[PDB]
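Side chains included, hydrogens not; waters and symmetry mates left out as well; all remaining heavy atoms used. Naming: A, B, ... by sequence-line order, numbering from 1 per chain.
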Amino acid sequence: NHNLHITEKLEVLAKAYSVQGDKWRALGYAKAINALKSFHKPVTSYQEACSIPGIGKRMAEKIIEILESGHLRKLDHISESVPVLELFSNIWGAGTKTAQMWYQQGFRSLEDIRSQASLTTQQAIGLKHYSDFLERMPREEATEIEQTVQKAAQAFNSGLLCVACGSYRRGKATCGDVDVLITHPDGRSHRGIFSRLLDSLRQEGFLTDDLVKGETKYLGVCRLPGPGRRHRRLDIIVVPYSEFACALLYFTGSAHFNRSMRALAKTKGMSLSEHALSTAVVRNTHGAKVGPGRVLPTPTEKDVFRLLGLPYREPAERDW
DNA sequence: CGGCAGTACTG
DNA sequence: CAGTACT
DNA sequence: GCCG
Ligand SMILES: [Mn+2]
Ligand SMILES: [Mn+2]
Ligand SMILES: [Mn+2]
Ligand code: NA
Ligand code: NA
Ligand code: NA
């Protein structure tokens, strides 16, 4: 990154706006930061800064203060609440509104939350694993987790296909969590397996806590056996084979990549989700779907790219 | 002016 | 529903 | 915050 001396200051503002709930301003900062982290050379001119997509007048100004000053004075007026809001919103299941409410009620530490806050079931689990959920795991451990789920699934039906997605599939050396997609080529025998699969993984002691138990999504907590093991976040999604490519695409990400691809689809009168790529989608003036359109056949990820008019990208080049 | 992705749970 | 989460 |  040609421009760390700027980006590092901007990220502090981005996080501050984010934990305070100012989601769109934070989004603007996030995009400018990436734009600047992928510029070839250092930024040296206000009109060079303004040169970059995702950097406008306000952001060019800030970068000009940074290079002439070495500093950004807005940093000195960030509310004293922000570190605490960040502390609280790093509890799984607590976001900006919950963090702000706890702050308003006088909470300042996780000890305050533990002893005095009313927690949802999810948030109590999040708090119990507060440290573990902030830590990444080696790639090799994600493999063991993927393989544990697959062996449990295949025990019921040898035909079940299980694939670790997320950062694992984008090739990263460490992973924040494990994202396992399950389907079945027969288009049928994925149905109703969660009951048995989760029960099997629980029987082991492998699954330690459940956060979400939906008909198609599971989000929870696992821990491999033996000493030196941390609790890890595990997500499982079960999908019909007709949706495999779009589910794979979704679940592999990155998040920014998905949002970028979905924005593109919208420009073309199409819609892309975890379920399907659709065409002839009808939307209102405000960008909201008011007519569904037609599902397009997407047997493979490459088909989604092709139908969108884009060159295929392997998972590793989707790490946006 | 106003969208900024699209979707799934929770209670 | 608002809130939070997933990529 | 940015951009159409
Ligand atoms: Mn993940
Ligand atoms: Mn995950
Ligand atoms: Mn632990
Ligand atoms: Na620009
Ligand atoms: Na949180
Ligand atoms: Na008190």
Side-chain angles (χ1 to χ4, degrees), chain A residues 10 13-14 16-18 20-22 24-35 49-50 53-54 56 59-63 88-101 118-123 125-126 133 164-170 175-181 210-212 214 216-220 233-239 243 246-267 270-278 281 283-284 286-288 292 315 318-320:
Chain A
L10 291 193
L13 271 173
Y17 286 124
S18 184
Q20 294 167 123
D22 191 353
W24 302 123
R25 182 142 22 232
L27 181 63
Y29 273 81
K31 281 177 163 154
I33 285 164
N34 291 331
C50 214
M59 188 79 11
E61 279 155 10
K62 292 176 212 293
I63 309 154
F88 291 169
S89 63
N90 280 337
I91 299 172
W92 203 98
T96 183
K97 301 285 190 178
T98 300
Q100 292 186 103
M101 191 208 75
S118 274
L119 300 171
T120 63
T121 303
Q122 292 172 337
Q123 288 161 354
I125 293 161
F133 289 178
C165 300
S167 59
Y168 185 78
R169 180 164 189 258
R170 298 196 305 280
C175 302
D177 43 73
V178 186
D179 304 304
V180 178
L181 180 62
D210 304 335
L211 295 163
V212 161
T216 65
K217 307 200 309 188
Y218 169 85
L219 295 81
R233 281 275 294 103
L234 170 62
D235 295 347
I236 301 171
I237 299 167
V238 177
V239 307
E243 304 183 357
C246 285
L248 200 54
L249 191 65
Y250 159 69
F251 220 26
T252 301
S254 74
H256 178 233
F257 175 83
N258 285 348
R259 290 170 84 157
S260 294
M261 175 142 290
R262 293 165 178 209
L264 180 66
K266 183 176 276 186
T267 70
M270 290 149 94
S271 188
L272 174 67
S273 73
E274 32 262 73
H275 296 292
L277 175 74
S278 304
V281 187
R283 307 171 153 95
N284 62 17
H286 306 274
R318 313 182 198 162
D319 199 37
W320 299 5

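In this structure, CG of A:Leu211 is placed 11 Å from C1' of C:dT4, rounded to the nearest angstrom. The CG atom of A:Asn284 sits 12 Å away from the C1' atom of B:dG2 (whole-angstrom rounding). The distance between atom CH2 of A:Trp24 and atom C1' of B:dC1, rounded to the nearest whole Å, is 15 Å. Distance, A:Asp235 CG to C:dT4 P: 18 Å, rounded to whole Å. Remark: P of B:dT7 and CG of A:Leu272 are 9 Å apart, rounded to the nearest angstrom. To the nearest angstrom, P of B:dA5 lies 14 Å from CE of A:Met261. Atoms CG (A:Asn258) and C1' (B:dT7) sit 11 Å apart, rounded to a whole Å. The interatomic distance linking A:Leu277 (CG) with B:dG6 (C1') rounds to 13 Å, in whole Å.
Remark: A:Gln123 engages A:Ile91, A:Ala94, A:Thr98, A:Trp102, A:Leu119, A:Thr120 in a side chain to side chain contact (heavy atoms under 4.5 Å, CB included) (not counting sequence neighbours). For A:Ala99, the side chain to side chain contact (heavy atoms under 4.5 Å, CB included) criterion is met by A:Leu85, A:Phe88, A:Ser89, not counting sequence neighbours.
Across all strands shown, A:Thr98 has heavy atoms under 4.0 Å from sugar-phosphate atoms exclusively, and none from any base. Contact annotation for A:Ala94: backbone-only contact, meaning every heavy-atom pair under 4.0 Å involves sugar-phosphate atoms and none involves a base. Within 4.0 Å of A:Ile91, counting heavy atoms only, lie sugar-phosphate atoms of the nucleic acid but no base atom.
When distances are taken from the side chain of A:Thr96 to each of C:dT4, D:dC3, C:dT7, the shortest belongs to C:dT4. Closest approach to the A:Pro53 side chain among B:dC9, D:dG1, D:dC3 is made by D:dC3 (side chain taken as heavy atoms from C-beta onward). Side chain of A:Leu219, nearest nucleotide from D:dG1, C:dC6, C:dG3: C:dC6. Nearest to the side chain of A:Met59, among D:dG1, C:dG3, B:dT7, sits D:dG1.
Between A:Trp92 and the phosphate of B:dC9, there is no side-chain N or O to OP1/OP2 separation shorter than 4.0 Å. Contact annotation: A:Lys217 does not reach the phosphate of C:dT7 (side-chain N/O to OP1 or OP2, under 4.0 Å). A:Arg259 has no side-chain polar atom (N or O) that falls below the 4.0 Å cut-off from OP1 or OP2 of B:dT7. When the side-chain nitrogen and oxygen atoms of A:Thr216 are compared with OP1 and OP2 of B:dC9, one or more of them lie within a distance under 4.0 Å. When the side-chain nitrogen and oxygen atoms of A:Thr121 are compared with OP1 and OP2 of B:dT10, none of them lie within a distance under 4.0 Å. When the side-chain nitrogen and oxygen atoms of A:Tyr250 are compared with OP1 and OP2 of B:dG6, none of them lie within a distance under 4.0 Å. OP1 and OP2 of B:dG3 both lie 4.0 Å or more from every side-chain N or O belonging to A:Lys266. Residue A:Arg262 places none of its side-chain N or O atoms closer than 4.0 Å to OP1 or OP2 of B:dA5. In this structure, A:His275 reaches the B:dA8 phosphate: one of its side-chain N or O atoms is under 4.0 Å from OP1 or OP2.
Residue ring and nucleobase are not stacked for A:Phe251 and C:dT7 under a centre distance beneath 5.5 angstrom and an angle between planes beneath 30°.
The heavy-atom pair separating A:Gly166 from A:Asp179 by the smallest distance is CA-OD2, 3.5 Å. Between A:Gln100 and A:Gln20, the closest heavy-atom pair is OE1-O, 3.7 Å.
Side-chain atoms of A:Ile237 and A:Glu274, non-hydrogen and from C-beta on, never get closer than 4.5 Å to each other.
In this structure, A:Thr252 contributes its side chain and A:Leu248 its backbone to a donor-acceptor pair below 3.5 Å.
For the residue pair A:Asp210 and A:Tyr218, a side-chain donor N or O sits within less than 3.5 Å of a side-chain acceptor on the partner.
Here, B:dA5 and D:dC3 have their P atoms 15 Å apart, quoted to the whole Å.
Pucker assignment for B:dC1 gives south. The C1'-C2'-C3'-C4' angle has a negative sign.
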